[PDB]
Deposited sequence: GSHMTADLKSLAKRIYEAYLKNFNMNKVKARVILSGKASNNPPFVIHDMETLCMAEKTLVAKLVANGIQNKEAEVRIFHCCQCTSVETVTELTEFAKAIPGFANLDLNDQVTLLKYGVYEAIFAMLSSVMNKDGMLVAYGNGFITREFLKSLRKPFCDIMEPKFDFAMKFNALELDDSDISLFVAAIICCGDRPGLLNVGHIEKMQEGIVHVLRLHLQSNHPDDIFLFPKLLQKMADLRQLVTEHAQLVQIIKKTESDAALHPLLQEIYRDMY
């Protein structure tokens, strides 16, 4: 087996299927994105970037949450295509493919979200907006509680100084996870996971000779992400049950349903 080639194939699939990557994001973040730092600039950005959503209107927090869900829906679609290009994934039982994506997509979403975040805010709307961390904190409860744990994760994740070649393999390892609930062919998935994790381990050795614990750091980040998602799903349920105007998109409803 050629591990260098598997890593390159996974990286190529990542560059092909995700609209945002860390190089693209850093170019934009270096300095164009419309800066959203208060309600006036939110409303201006909406009229330019999501005009249809404010041509009527819901509460600002509910409109923001709608844009959050639209982003997630788009990233789930990109993740599904990426997964179909992961060598070995397509040979799995279609039911197991669904299970792996169901439990993995939000872990992958929050891992990749780090690439568009800095300590002050995050890129949104296909790189055309930058919404500040302080503005998101300023929203009424419960909506101000959505993004802050994700910024906290991202600041430490970004301090690892990974590049897209690393992150692509990390996202592949997140998806190819043999302990998801309800898998049919656990044995085969575990062997697929072992293979991807082996490629990740060797890649980190080659790409980050300076950090001899980077691989176990990333295993821990995978566990951190599972907890982050469990907590995120709990908050989404609170929103679903107490916020009538915050309609949940059907693909995200099917992902969350019976998850944790």
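No alpha-carbon coordinates exist for the deposited sequence positions 1-5, 37-41, 67-69, given here in order along the chain.
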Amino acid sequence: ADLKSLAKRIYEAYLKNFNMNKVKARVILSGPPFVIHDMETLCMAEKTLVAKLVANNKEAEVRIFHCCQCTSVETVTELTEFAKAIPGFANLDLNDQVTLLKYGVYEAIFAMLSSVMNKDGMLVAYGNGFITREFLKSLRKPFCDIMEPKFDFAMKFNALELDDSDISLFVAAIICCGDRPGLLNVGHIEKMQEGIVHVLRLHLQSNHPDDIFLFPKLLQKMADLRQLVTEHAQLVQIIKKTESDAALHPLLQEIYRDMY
From here on, numbers count along this sequence of modelled residues.
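For the two forms, the rigid core is made up of the largest set of C-alpha atoms that agree within 1.5 Å on superposition.
Stretch comparison, 84-92 versus 70-78: after rigid core superposition, larger RMS CA deviation in 9 other deposited structures of this protein is found for 84-92. With each structure aligned by its rigid core, the stretch whose Cα atoms sit farther from this model in 9 other deposited structures of this protein, between 42-50 and 217-225, is 42-50. Notably, residue 56 is an intermittent gap: at least a third of the other compared entries of this protein, restricted to those modelling both its neighbours, have no coordinates for it. The mean C-alpha temperature factor is higher for 206-214 when 219-227 and 206-214 are set side by side.
For the pair 248-256 and 16-24, the record assigns the higher mean C-alpha temperature factor to 248-256.
Note on 104, 187, 149, 121: the highest value goes to 187, judged by CA B factor as recorded. The entry assigns its greatest Cα B factor, within the set 131, 159, 177, 73, to 177. Split the chain's modelled residues into thirds by C-alpha temperature factor. Residue 108 is in the lowest one. Ranked against the other modelled residues of its chain, the C-alpha B-factor of residue 191 as given in the entry falls in the highest third. Annotation for residue 114: C-alpha temperature factor in the lowest third relative to the rest of the modelled chain, per the entry. When the modelled residues of the chain are ordered by their C-alpha B factor, residue 91 lands in the highest third. Among all modelled residues in this chain, the alpha-carbon of residue 85 has a temperature factor (C-alpha) in the highest third.
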